[PDB]
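Read the single chain below, which is given as structure tokens and is the form deposited in one PDB entry.
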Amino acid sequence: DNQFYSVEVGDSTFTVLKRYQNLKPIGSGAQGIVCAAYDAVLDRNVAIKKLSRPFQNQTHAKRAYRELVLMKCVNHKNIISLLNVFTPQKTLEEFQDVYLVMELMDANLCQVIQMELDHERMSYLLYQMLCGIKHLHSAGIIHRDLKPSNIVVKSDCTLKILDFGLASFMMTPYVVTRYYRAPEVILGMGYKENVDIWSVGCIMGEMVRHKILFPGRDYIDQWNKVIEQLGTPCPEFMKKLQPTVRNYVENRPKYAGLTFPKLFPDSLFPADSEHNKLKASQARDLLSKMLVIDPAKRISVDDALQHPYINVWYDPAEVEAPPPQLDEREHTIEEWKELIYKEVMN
């Protein structure tokens, strides 16, 4: 009669409501482990993510808490929406794990990126990204760590952003992925909404080139890859760095940076018909307005949406949805436990 049951998926134990059957592993989420399942109440397939003792330290706690209050606020077809949240534990004192449940998708954007994609599909995924990002901004959320591994797609080309970005020790095995973070993030710069444009450009460029644009062990290597390719930023951009970070950067070797046709030659694009030739040059134009070091001359999110490569998909019902207490804290682990628990028990 217990309303829960336990199954072994991979290494992790999943204790879930009886409505969820046939759990099968599917991926890794750092914040937790994930599985596919059939939801018999809803008669549809779902994905279930287990957050193990999210209160065990401030990084897991802040993230877990932050994302519960937002998934309980945002509402947009391209942004994760939760179907259920639950814990199999009965009291706060026993409270351990949190399970999040959402619509089951077909692929992670890392998988899509390795595929050869026509312009119809590339422009559509990117357009969805910008729509989701635009919603986040309308809700007062600026992401600042959008990356492909936290983006999922359905076979029909529909897309969802699964996380809400940055707010820091992590005593774990797994590394954080930093290749898509804007310069202002790399350099401790302060930022505005089009910080997220940079990351879109990084994703789009990788779609074209099929390799990470700015790899590196550290922000050191990564900045090297940025200037080697795009050219040293404008002195005007220097003047906005902090003095110490400004000294480091100004003392880096100078680079002219390659043109975008060299950074993304026609070889990479479908360019057999006239239609495709024009699409490639539009694609390269957009890339050139997104992969821009100085945020001041980097294209907006609303301006990107209305770029010719992108605005073929326009619909005032998807770029124009209504946006619905600011939590911003730092607590002990028992404090975090109760705060998360209350939210789990809305």
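One-based numbering along the sequence shown. The term rigid core refers to the most C-alpha atoms you can superpose between the two forms while keeping them within 1.5 Å.
Form deposited with a partner chain bound: not shown, discussed below.
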item: The single option of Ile186, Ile203, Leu230, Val153 touching its partner chain in the bound PDB entry, heavy atom within 4.5 Å; value: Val153
item: Answer option from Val208, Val101, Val98, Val112, heavy atom within 4.5 Å of its partner chain in the bound PDB entry; value: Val112
item: Contact stretch among 154-162, 260-268, 67-75, 222-230 - heavy atom within 4.5 Å of its partner chain in the bound PDB entry; value: 154-162
item: Contact test in the bound PDB entry: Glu318 vs its partner chain, heavy atoms, 4.5 Å; value: yes
item: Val312 within 4.5 Å of its partner chain in the bound PDB entry, heavy atoms; value: yes
item: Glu236, heavy atom within 4.5 angstroms of its partner chain in the bound PDB entry; value: no
item: Distance check, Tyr180 to its partner chain in the bound PDB entry, heavy atom within 4.5 Å; value: no
item: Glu8, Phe14 and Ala30 each touching its partner chain in the bound PDB entry (heavy atom, 4.5 Å); value: no
item: Flagged residue of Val34, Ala304, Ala280, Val292 - C-alpha shift reaching 2 Å or more between the shown form and the other one, core superposed; value: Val34
item: C-alpha of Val85 off by 2 Å or more between the shown form and the other one on rigid core; value: yes
item: Shift of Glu94 between the shown form and the other one at or above 2 Å (CA, core fit); value: yes
item: Yes/no, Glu103 Cα shift of 2 Å or more between the shown form and the other one with rigid core fixed; value: yes
item: Outcome for the Cα pair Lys147, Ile340 in the bound PDB entry, compared with this form (closer or farther; change of 3 Å or more); value: farther
